[PDB]
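Inspection log for the structure reproduced underneath, given as structure tokens.
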Amino acid sequence: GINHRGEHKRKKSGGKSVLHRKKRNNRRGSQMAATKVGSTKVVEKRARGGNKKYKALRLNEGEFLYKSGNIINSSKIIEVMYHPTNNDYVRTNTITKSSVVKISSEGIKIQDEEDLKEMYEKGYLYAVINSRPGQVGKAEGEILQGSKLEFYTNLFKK
Amino acid sequence: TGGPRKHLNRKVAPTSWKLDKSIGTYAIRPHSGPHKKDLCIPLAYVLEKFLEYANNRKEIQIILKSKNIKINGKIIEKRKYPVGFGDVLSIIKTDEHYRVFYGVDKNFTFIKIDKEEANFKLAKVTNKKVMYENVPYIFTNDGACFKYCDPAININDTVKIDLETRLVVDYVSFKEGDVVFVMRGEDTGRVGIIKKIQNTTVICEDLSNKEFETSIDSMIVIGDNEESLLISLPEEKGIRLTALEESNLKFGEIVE
Amino acid sequence: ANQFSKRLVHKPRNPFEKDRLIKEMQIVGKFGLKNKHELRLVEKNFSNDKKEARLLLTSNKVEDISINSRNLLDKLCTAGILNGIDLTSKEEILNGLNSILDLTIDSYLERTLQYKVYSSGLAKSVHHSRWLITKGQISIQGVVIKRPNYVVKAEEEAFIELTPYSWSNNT
Amino acid sequence: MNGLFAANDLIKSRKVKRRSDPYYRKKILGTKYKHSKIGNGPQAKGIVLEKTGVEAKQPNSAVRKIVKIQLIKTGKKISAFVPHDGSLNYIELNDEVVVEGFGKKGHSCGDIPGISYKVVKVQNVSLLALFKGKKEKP
RNA sequence: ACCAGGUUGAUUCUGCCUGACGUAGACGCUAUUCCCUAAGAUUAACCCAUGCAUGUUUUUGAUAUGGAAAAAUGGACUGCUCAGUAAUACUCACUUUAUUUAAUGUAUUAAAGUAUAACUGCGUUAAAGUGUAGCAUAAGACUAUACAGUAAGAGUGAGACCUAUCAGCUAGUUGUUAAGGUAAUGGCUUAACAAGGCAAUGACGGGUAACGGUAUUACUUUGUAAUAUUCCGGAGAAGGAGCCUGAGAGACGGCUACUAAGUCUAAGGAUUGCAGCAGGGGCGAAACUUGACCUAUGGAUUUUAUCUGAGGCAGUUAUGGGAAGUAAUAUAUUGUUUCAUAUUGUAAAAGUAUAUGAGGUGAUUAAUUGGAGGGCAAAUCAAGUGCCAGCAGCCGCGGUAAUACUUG
Ligand SMILES: [Mg+2]
Ligand SMILES: [Mg+2]
Ligand SMILES: [Mg+2]
Ligand SMILES: [Mg+2]
Ligand SMILES: [Mg+2]
Ligand SMILES: [Mg+2]
Ligand SMILES: [Mg+2]
Ligand SMILES: [Mg+2]
Ligand SMILES: [Mg+2]
Ligand SMILES: [Mg+2]
Ligand SMILES: [Mg+2]
Ligand SMILES: [Mg+2]
Ligand SMILES: [Mg+2]
Ligand SMILES: [Mg+2]
Ligand SMILES: [Mg+2]
Ligand SMILES: [Mg+2]
Ligand SMILES: [Mg+2]
Ligand SMILES: [Mg+2]
Ligand SMILES: [Mg+2]
């Protein structure tokens with residue numbers, strides 16, 4: 001269906017290329033699975049020689065880590081704020097790797113810092129994903145603190 | 001070719017199997033095992049060609065199913081079992097024991113040994129690291145794992161396997177001035193005294209005081225000293241005289 | 001073609017010379033050969049060692065005087081075209097290859113079992129030997145041979161007799 | 001162009017000069033596949049249409065007997081020369097023949113003009129044997 | 001380690017044609033043995049009637065003393081062909097900390113409930129196949145990893161036919177950031193931005209009557225030419241595309257659709273891929289038995305009794321290479337093949353070898369093919385025909401005495 005071969009592309013000089021064999025099963029691809037937000041759902045895959053893969057169609061209640069106090073706690077996922085490569089994913093609410101989100105601060109026990117205090121009055125905090133959702137099958141990430149919060153907030157919608 | 005190969009051809013067979021390149025077309029492709037592809041031979045050729053105990057395929061099953069064949073102290077009934085380097089095979093009947101290493105002309109030989117040598121076995125360490133729950137381990141060439149050994153045994157030193165309790169008993173370290181045995185390369189079956197150890201090769205001395213250089217992976221030290229001699233040597237002792245002296249013994253030496 | 005089906009000898013370069021057919025016909029009638037073809041086989045291997053005798057005189061290797069040249073002198077000596085020499089001495093090895101260039105075709109053609117019967121008292125003519133061998137009346141020490149062009153080696157020379165149980169003898 | 005490091009200029013120059021070889025030029029263009037008269041083979045087959053004679057060139061004087069046929073493999077018309085005395089009396093029309101060449105590299109030899117082929121078989125009977133009288137024609 | 005004939009009234013040169021000699025296919029005439037070795041590659045990767053080539057196994061035991069089904073295991077190897085590909089395929093030297101591996105070896109760990117078959121019994125259609133019951137009824141199914149060992153994938157660099165009447169070419173093309181996907185590196189795919197990348201040391205085009213190396217043949221003074229043929233490697237199963245099971249298939253003696261060709265029928269429907277072994281048709285100048293068998297070497301997870309058109313053993317053919325015959329001693333003597341028979345041998349039959357029998361012949365059962373002016377070894381021998389009929393690779397003979405045509 002979808003191949004990853006290299007025999008079809010042009011040469012370094014720009015001349016055309018010619019094929020001599022059919023499509024092999026060794027280089028075999030799949031379509032994109034866009035992980036949405038909703039009620040949870042996980043389907044299984046079969047890879048080469050056993051080795052089962054997990055893909056997540058609709059994800060909820062991802063895990064996150066507090067960097068200062070060094071504890072890990074679960075939270076809900078509300079909205080997406082920024083996506084690096086394509087800016088259309090923010091209106092469709094798809095979660096991929098390295099895309100910042102907005103999480104509930106209910107179970108989280110935060111320390112007293114100047115920056116997080118004003119958002120902690122409301123329910124929301126910020127986090128950034130660090131795991132492949134479509135292949136591992138679950139999201140994990142870090143909570144934004146310090147100058148890392150200064151970098152992303154210049155890129156927000158405003 | 002979408003998968004593995006299962007048929008082997010007699011012309012690409014190794015010449016060290018001493019087969020005839022006559023009327024046959026196919027040869028036995030042996031099983032996967034602990035030894036490499038070069039140092040292994042099938043078992044069904046040993047009972048037919050080198051040892052002479054059977055004539056055809058029927059008499060092979062008779063000796064094997066009677067459970068007298070004992071390789072490394074274990075009974076085996078499969079004809080495709082690979083016999084490697086250095087292992088001791090024996091028959092339970094008649095108390096016959098053999099050690100397997102190469103001759104002088106790159107061929108397999110079988111040398112009758114004693115029951116005091118029939119117990120143990122020699123191998124060479126290749127790798128060592130500490131496994132789970134803080135337990136040390138030492139890995140040999142054939143793939144056996146061994147734990148809780150002496151800390152004076154290094155990565156390249158040889159061991160002595162008891163073969164019945166499967167415990168490391170004795171070891172010989174790696175240094176200069178040791179007797180050595182080689183098993184691969186263009187020079188096989190040479191027995192030599194170490195003179196200089198380089199980082200990748202070893203500069204050695206034959207019993208006929210010659211010289212040859214050989215990589216470190218292809219050798220196995222059998223004794224630290226000449227007086228040690230942990231195993232029994234072959235009859236030629238691996239001297240492998242040159243073609244000049246083979247031309248000298250036929251017609252006499254050139255008088256000058 | 002294939003190795004089992006290639007040919008060994010070709011036709012000569014000039015097909016009709018009056019100065020070549022007269023020389024060769026003296027050899028056919030004297031030694032008793034049936035074909036011009038079978039004469040051509042015994043001369044090519046006579047050419048091949050002379051192709052190798054020239055190289056060993058010009059070799060600069062120190063071991064080539066010891067090994068291959070001594071491995072040249074023996075093979076003629078076992079068949080017995082050469083008589084005998086001491087292989088330990090160096091200077092006679094030089095004399096052995098120098099004696100090789102003085103041979104002819106007749107030095108090879110004389111050590112054949114057809115001619116070697118007639119040169120002994122067993123046969124009257126050389127044509128008496130070709131008619132005698134093919135019926136199976138002549139035997140070497142153990143073996144009964146039916147090929148008149150069999151080369152006779154040096155040590156097996158004196159042991160040619162009649163077949164003891166044939167009709168050529170009394171039994 | 002004589003130099004130690006001039007192998008690139010030597011090979012490029014000597015390939016140009018080799019093209020004026022008159023035997024090598026036909027090998028490049030492949031004329032034996034394009035303009036072959038009989039195809040690529042030792043013999044051929046045909047159907048006879050005429051029995052006619054020609055007259056040889058000066059200074060000799062005779063009449064050479066030939067035959068105009070039509071090949072099967074290609075479909076062209078061609079003339080061949082009957083090679084022995086009194087052999088045309090066997091030949092009738094609406095019959096088959098086999099054709100062999102002269103052996104002078106595609107040219108005409110002798111004093112026969114413009115003809116380069118000769119008949120060998122008629123009705124699977126050898127014409128060399130039939131002139132000797134070993135067989136009879138059906 | 002070698003040259004000869006041909007331009008002129010005669011001579012010396014340049015220059016080409018021809019003779020003498022190899023390697024693969026076809027053809028004419030003639031043939032007694034034995035052993036070894038080969039046979040639809042060249043045109044048509046064109047169409048196929050018929051018969052046969054992939055099944056094993058107490059794991060349970062068919063109302064059944066040994067076989068029904070279900071489970072388990074292999075059908076991806078082996079064998080056949082050379083259409084496509086001028087380099088990505090192949091060879092050699094390196095990397096894979098950037099990757100997967102059933103069957104193997106040594107070690108670490110963990111441990112009551114729930115279907116469907118075979119069976120019994122009612123049926124259906126021209127055929128090919130299929131249905132409803134007996135709360136129907138069995139065996140089965142609901143541990144995880146290391147390190148070796150085999151197998152495979154993916155990269156870097158260098159080598160390889162003819163063409164200038166083919167001189168400019170390239171736009172996912174070259175690079176940066178980010179993500180998806182794969183077992184994995186990577187414009188492999190997609191967003192955003194930028195203008196890069198290659199060439200007379202031949203880019204970009206066109207042709208091939210082009211599968212690459214190699215074992216092996218020739219000819220040689222630093223090396224050329226052939227290599228379908230032995231072995232290693234790659235690609236395809238009428239032409240194209242897509243996918244299931246699975247450790248491994250983009251599989252074709254597995255499935256789905258379209259195009260080109262069809263076949264059976266009770267007219268509603270059902271169905272086929274011999275570049276597998278024999279065999280037929282077409283094409284051609286051109287290529288064999290619709291034969292017996294698991295003896296030996298092997299494969300199928302222990303292969304001593306299962307299967308094996310893989311692989312052996314025999315029949316047809318001037319495909320070639322060997323050991324030999326058709327006489328010898330003086331009409332006569334002796335005695336080789338064409339004839340038969342024992343033993344050895346064969347899976348069972350041949351054949352070879354050792355021995356034994358008779359009969360009497362080398363005008364015999366047992367020699368042909370080409371040539372006789374020069375090159376070029378061998379007749380101015382005879383009889384016919386007269387620029388006719390004919391011969392001649394080149395030079396050249398034929399006009400009533402031809403060593404140059406026809407016969408002896
Ligand atoms: Mg010719
Ligand atoms: Mg074909
Ligand atoms: Mg079943
Ligand atoms: Mg072809
Ligand atoms: Mg082609
Ligand atoms: Mg039922
Ligand atoms: Mg784009
Ligand atoms: Mg080739
Ligand atoms: Mg076809
Ligand atoms: Mg296949
Ligand atoms: Mg395929
Ligand atoms: Mg397919
Ligand atoms: Mg088929
Ligand atoms: Mg066939
Ligand atoms: Mg033929
Ligand atoms: Mg004659
Ligand atoms: Mg003369
Ligand atoms: Mg002629
Ligand atoms: Mg003549």
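FYI, nothing fancy with the structure tokens labels: chains A, B, ... in order, residues from 1 per chain, ligands from 1 as they appear.
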Please give the complete set of residues from region 6-206 of chain B that DSSP, run on the backbone, assigns to strand (DSSP E), formatted as a VMD selection string. chain B and resid 8 to 9 26 to 27 41 to 42 69 to 71 74 to 75 82 to 83 88 to 91 97 to 99 111 to 112 121 to 131 135 to 140 145 to 147 158 to 161 168 to 172 179 to 182 191 to 197 201 to 206
What lies within 8 Å of residue 18 (chain C) using only C-alpha atoms (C1' of nucleotides), ignoring chain neighbours under 3 positions off, as a PDB file with C-alpha atoms (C1' of nucleotides), in the first residue's frame?
```
ATOM      1  CA  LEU C  21      56.528 -36.572 -45.500  1.00  0.00           C
ATOM      2  CA  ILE C  22      59.755 -38.387 -46.398  1.00  0.00           C
TER       3      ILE C  22
ATOM      4  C1'   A E 377      51.696 -34.118 -52.765  1.00  0.00           C
TER       5        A E 377
END
```
Write out as a PyMOL selection string all residues of region 7-58 of chain C that backbone DSSP assigns to helix (DSSP H, G or I). chain C and resi 18-31+37-57
Would you put the residues from that selection into a file with N, CA and C atoms, as an mmCIF file, in the first residue's frame?
```cif
data_model
loop_
_atom_site.group_PDB
_atom_site.id
_atom_site.type_symbol
_atom_site.label_atom_id
_atom_site.label_comp_id
_atom_site.auth_asym_id
_atom_site.auth_seq_id
_atom_site.Cartn_x
_atom_site.Cartn_y
_atom_site.Cartn_z
ATOM 1 N N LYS C 18 57.249 -31.987 -49.509
ATOM 2 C CA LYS C 18 57.971 -33.207 -49.844
ATOM 3 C C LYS C 18 59.122 -33.437 -48.874
ATOM 4 N N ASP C 19 59.522 -32.396 -48.145
ATOM 5 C CA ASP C 19 60.657 -32.515 -47.239
ATOM 6 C C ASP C 19 60.215 -32.917 -45.837
ATOM 7 N N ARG C 20 58.908 -33.092 -45.631
ATOM 8 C CA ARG C 20 58.436 -33.493 -44.309
ATOM 9 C C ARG C 20 57.830 -34.890 -44.328
ATOM 10 N N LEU C 21 57.165 -35.260 -45.425
ATOM 11 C CA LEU C 21 56.528 -36.572 -45.500
ATOM 12 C C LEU C 21 57.560 -37.685 -45.629
ATOM 13 N N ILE C 22 58.716 -37.379 -46.217
ATOM 14 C CA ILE C 22 59.755 -38.387 -46.398
ATOM 15 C C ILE C 22 60.433 -38.693 -45.069
ATOM 16 N N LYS C 23 60.642 -37.664 -44.246
ATOM 17 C CA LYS C 23 61.276 -37.854 -42.945
ATOM 18 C C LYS C 23 60.380 -38.648 -42.003
ATOM 19 N N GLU C 24 59.074 -38.385 -42.044
ATOM 20 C CA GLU C 24 58.159 -39.005 -41.094
ATOM 21 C C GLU C 24 57.829 -40.439 -41.489
ATOM 22 N N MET C 25 57.829 -40.740 -42.791
ATOM 23 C CA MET C 25 57.510 -42.093 -43.241
ATOM 24 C C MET C 25 58.618 -43.071 -42.873
ATOM 25 N N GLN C 26 59.837 -42.566 -42.674
ATOM 26 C CA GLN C 26 60.916 -43.404 -42.166
ATOM 27 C C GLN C 26 60.670 -43.815 -40.722
ATOM 28 N N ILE C 27 59.842 -43.062 -39.998
ATOM 29 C CA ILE C 27 59.598 -43.375 -38.594
ATOM 30 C C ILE C 27 58.416 -44.326 -38.458
ATOM 31 N N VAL C 28 57.436 -44.207 -39.358
ATOM 32 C CA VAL C 28 56.251 -45.057 -39.294
ATOM 33 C C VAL C 28 56.598 -46.494 -39.661
ATOM 34 N N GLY C 29 57.374 -46.681 -40.728
ATOM 35 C CA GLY C 29 57.691 -48.030 -41.170
ATOM 36 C C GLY C 29 58.681 -48.730 -40.259
ATOM 37 N N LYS C 30 59.473 -47.955 -39.520
ATOM 38 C CA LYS C 30 60.500 -48.550 -38.674
ATOM 39 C C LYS C 30 59.917 -49.029 -37.352
ATOM 40 N N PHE C 31 59.002 -48.253 -36.772
ATOM 41 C CA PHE C 31 58.508 -48.574 -35.437
ATOM 42 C C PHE C 31 57.170 -49.299 -35.499
ATOM 43 N N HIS C 37 48.010 -40.131 -36.824
ATOM 44 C CA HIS C 37 47.494 -39.440 -35.648
ATOM 45 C C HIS C 37 48.213 -39.869 -34.376
ATOM 46 N N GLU C 38 48.470 -41.172 -34.220
ATOM 47 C CA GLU C 38 49.059 -41.662 -32.976
ATOM 48 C C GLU C 38 50.534 -41.297 -32.877
ATOM 49 N N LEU C 39 51.150 -40.929 -33.999
ATOM 50 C CA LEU C 39 52.492 -40.366 -33.954
ATOM 51 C C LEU C 39 52.467 -38.955 -33.385
ATOM 52 N N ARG C 40 51.364 -38.232 -33.587
ATOM 53 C CA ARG C 40 51.317 -36.832 -33.177
ATOM 54 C C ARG C 40 51.126 -36.692 -31.675
ATOM 55 N N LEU C 41 50.663 -37.747 -31.014
ATOM 56 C CA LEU C 41 50.428 -37.653 -29.581
ATOM 57 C C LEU C 41 51.731 -37.744 -28.807
ATOM 58 N N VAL C 42 52.681 -38.530 -29.309
ATOM 59 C CA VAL C 42 53.887 -38.807 -28.540
ATOM 60 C C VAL C 42 54.907 -37.690 -28.708
ATOM 61 N N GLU C 43 54.690 -36.799 -29.676
ATOM 62 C CA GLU C 43 55.660 -35.736 -29.903
ATOM 63 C C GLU C 43 55.278 -34.468 -29.158
ATOM 64 N N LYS C 44 53.997 -34.315 -28.817
ATOM 65 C CA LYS C 44 53.570 -33.089 -28.154
ATOM 66 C C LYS C 44 54.047 -33.048 -26.711
ATOM 67 N N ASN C 45 53.984 -34.179 -26.012
ATOM 68 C CA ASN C 45 54.538 -34.228 -24.664
ATOM 69 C C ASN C 45 56.062 -34.212 -24.698
ATOM 70 N N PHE C 46 56.653 -34.570 -25.842
ATOM 71 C CA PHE C 46 58.080 -34.353 -26.045
ATOM 72 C C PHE C 46 58.385 -32.867 -26.185
ATOM 73 N N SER C 47 57.425 -32.096 -26.688
ATOM 74 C CA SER C 47 57.608 -30.653 -26.782
ATOM 75 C C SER C 47 57.371 -29.958 -25.448
ATOM 76 N N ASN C 48 56.577 -30.562 -24.560
ATOM 77 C CA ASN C 48 56.088 -29.829 -23.395
ATOM 78 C C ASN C 48 57.130 -29.733 -22.290
ATOM 79 N N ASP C 49 57.958 -30.765 -22.120
ATOM 80 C CA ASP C 49 59.023 -30.665 -21.126
ATOM 81 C C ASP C 49 60.162 -29.789 -21.630
ATOM 82 N N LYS C 50 60.367 -29.755 -22.950
ATOM 83 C CA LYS C 50 61.346 -28.835 -23.516
ATOM 84 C C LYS C 50 60.876 -27.394 -23.390
ATOM 85 N N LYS C 51 59.560 -27.180 -23.298
ATOM 86 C CA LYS C 51 59.051 -25.864 -22.926
ATOM 87 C C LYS C 51 59.353 -25.554 -21.467
ATOM 88 N N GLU C 52 59.504 -26.589 -20.640
ATOM 89 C CA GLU C 52 59.773 -26.372 -19.222
ATOM 90 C C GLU C 52 61.260 -26.441 -18.918
ATOM 91 N N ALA C 53 62.033 -27.080 -19.794
ATOM 92 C CA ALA C 53 63.466 -27.193 -19.556
ATOM 93 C C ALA C 53 64.168 -25.855 -19.742
ATOM 94 N N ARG C 54 63.609 -24.982 -20.584
ATOM 95 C CA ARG C 54 64.254 -23.702 -20.853
ATOM 96 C C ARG C 54 64.069 -22.734 -19.697
ATOM 97 N N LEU C 55 62.969 -22.870 -18.957
ATOM 98 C CA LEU C 55 62.675 -21.921 -17.890
ATOM 99 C C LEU C 55 63.562 -22.149 -16.676
ATOM 100 N N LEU C 56 63.923 -23.404 -16.406
ATOM 101 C CA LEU C 56 64.667 -23.708 -15.188
ATOM 102 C C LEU C 56 66.130 -23.304 -15.312
ATOM 103 N N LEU C 57 66.613 -23.123 -16.540
ATOM 104 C CA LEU C 57 67.963 -22.605 -16.718
ATOM 105 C C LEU C 57 68.015 -21.109 -16.442
#
```
Exercise answer, 10 Å around ligand 3 with only C-alpha atoms (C1' of nucleotides) and all ligand atoms, as number ranges by chain: E: 69-71, 117
At a cut-off of 10 Å, using only C-alpha atoms (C1' of nucleotides), what residues contact residue 101 (chain B)? Leave out same-chain residues fewer than 4 positions from it and give the result as an MDAnalysis selection string. chainID B and resid 39 84:88 106:111 183 189 234
If the limit is 12 Å from any atom of ligand 8, counting only C-alpha atoms (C1' of nucleotides) and all ligand atoms, which residues qualify? Return them as number ranges by chain. E: 90, 210-214, 226-229
Chain E contacts to chain D at 10 Å (only C-alpha atoms (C1' of nucleotides)) as JSON, numbers by chain: {"E": [18, 25, 26, 27, 28, 29, 43, 162, 163, 201, 207, 209, 283, 284, 285, 286, 387, 388, 389, 390, 391, 392, 393, 394, 398, 405, 406]}
Distance filter 10 Å around ligand 6, atoms: only C-alpha atoms (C1' of nucleotides) and all ligand atoms, out as a PDB file with N, CA and C atoms (P, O5', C5', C4', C3', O3' and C1' of nucleotides), in the first residue's frame:
```
ATOM      1  P     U E 116     -21.307 -24.865  19.289  1.00  0.00           P
ATOM      2  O5'   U E 116     -20.232 -25.528  18.320  1.00  0.00           O
ATOM      3  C5'   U E 116     -19.803 -24.866  17.139  1.00  0.00           C
ATOM      4  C4'   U E 116     -18.542 -25.480  16.587  1.00  0.00           C
ATOM      5  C3'   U E 116     -18.700 -26.821  15.891  1.00  0.00           C
ATOM      6  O3'   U E 116     -19.125 -26.693  14.546  1.00  0.00           O
ATOM      7  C1'   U E 116     -16.875 -26.918  17.397  1.00  0.00           C
ATOM      8  P     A E 117     -20.144 -27.760  13.910  1.00  0.00           P
ATOM      9  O5'   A E 117     -19.198 -28.872  13.266  1.00  0.00           O
ATOM     10  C5'   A E 117     -18.845 -30.047  13.984  1.00  0.00           C
ATOM     11  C4'   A E 117     -17.455 -30.512  13.629  1.00  0.00           C
ATOM     12  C3'   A E 117     -17.370 -31.881  12.989  1.00  0.00           C
ATOM     13  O3'   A E 117     -17.682 -31.854  11.611  1.00  0.00           O
ATOM     14  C1'   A E 117     -15.754 -31.725  14.696  1.00  0.00           C
ATOM     15  P     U E 132     -27.892 -24.189   8.681  1.00  0.00           P
ATOM     16  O5'   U E 132     -29.201 -24.984   9.115  1.00  0.00           O
ATOM     17  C5'   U E 132     -30.478 -24.374   9.011  1.00  0.00           C
ATOM     18  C4'   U E 132     -31.571 -25.264   9.538  1.00  0.00           C
ATOM     19  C3'   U E 132     -31.342 -25.854  10.919  1.00  0.00           C
ATOM     20  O3'   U E 132     -31.636 -24.951  11.969  1.00  0.00           O
ATOM     21  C1'   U E 132     -32.083 -27.551   9.460  1.00  0.00           C
ATOM     22  P     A E 133     -31.078 -25.228  13.452  1.00  0.00           P
ATOM     23  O5'   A E 133     -32.121 -26.258  14.064  1.00  0.00           O
ATOM     24  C5'   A E 133     -31.743 -27.146  15.102  1.00  0.00           C
ATOM     25  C4'   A E 133     -32.527 -28.430  15.034  1.00  0.00           C
ATOM     26  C3'   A E 133     -32.254 -29.432  16.139  1.00  0.00           C
ATOM     27  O3'   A E 133     -32.951 -29.128  17.333  1.00  0.00           O
ATOM     28  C1'   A E 133     -32.283 -30.541  14.049  1.00  0.00           C
ATOM     29  P     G E 134     -32.295 -29.466  18.760  1.00  0.00           P
ATOM     30  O5'   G E 134     -32.022 -31.033  18.707  1.00  0.00           O
ATOM     31  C5'   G E 134     -32.752 -31.939  19.518  1.00  0.00           C
ATOM     32  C4'   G E 134     -31.909 -33.138  19.871  1.00  0.00           C
ATOM     33  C3'   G E 134     -30.708 -32.862  20.771  1.00  0.00           C
ATOM     34  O3'   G E 134     -31.023 -33.010  22.151  1.00  0.00           O
ATOM     35  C1'   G E 134     -30.041 -34.127  18.855  1.00  0.00           C
ATOM     36  P     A E 136     -26.656 -26.988  22.673  1.00  0.00           P
ATOM     37  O5'   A E 136     -26.000 -28.439  22.645  1.00  0.00           O
ATOM     38  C5'   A E 136     -26.077 -29.257  21.488  1.00  0.00           C
ATOM     39  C4'   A E 136     -26.285 -30.703  21.863  1.00  0.00           C
ATOM     40  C3'   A E 136     -25.075 -31.413  22.456  1.00  0.00           C
ATOM     41  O3'   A E 136     -24.984 -31.232  23.859  1.00  0.00           O
ATOM     42  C1'   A E 136     -25.983 -32.715  20.704  1.00  0.00           C
ATOM     43  P     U E 137     -23.558 -31.056  24.577  1.00  0.00           P
ATOM     44  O5'   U E 137     -22.728 -32.332  24.120  1.00  0.00           O
ATOM     45  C5'   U E 137     -22.844 -33.567  24.810  1.00  0.00           C
ATOM     46  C4'   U E 137     -21.910 -34.593  24.226  1.00  0.00           C
ATOM     47  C3'   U E 137     -20.435 -34.223  24.238  1.00  0.00           C
ATOM     48  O3'   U E 137     -19.812 -34.456  25.487  1.00  0.00           O
ATOM     49  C1'   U E 137     -21.024 -35.027  22.096  1.00  0.00           C
TER      50        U E 137
END
```
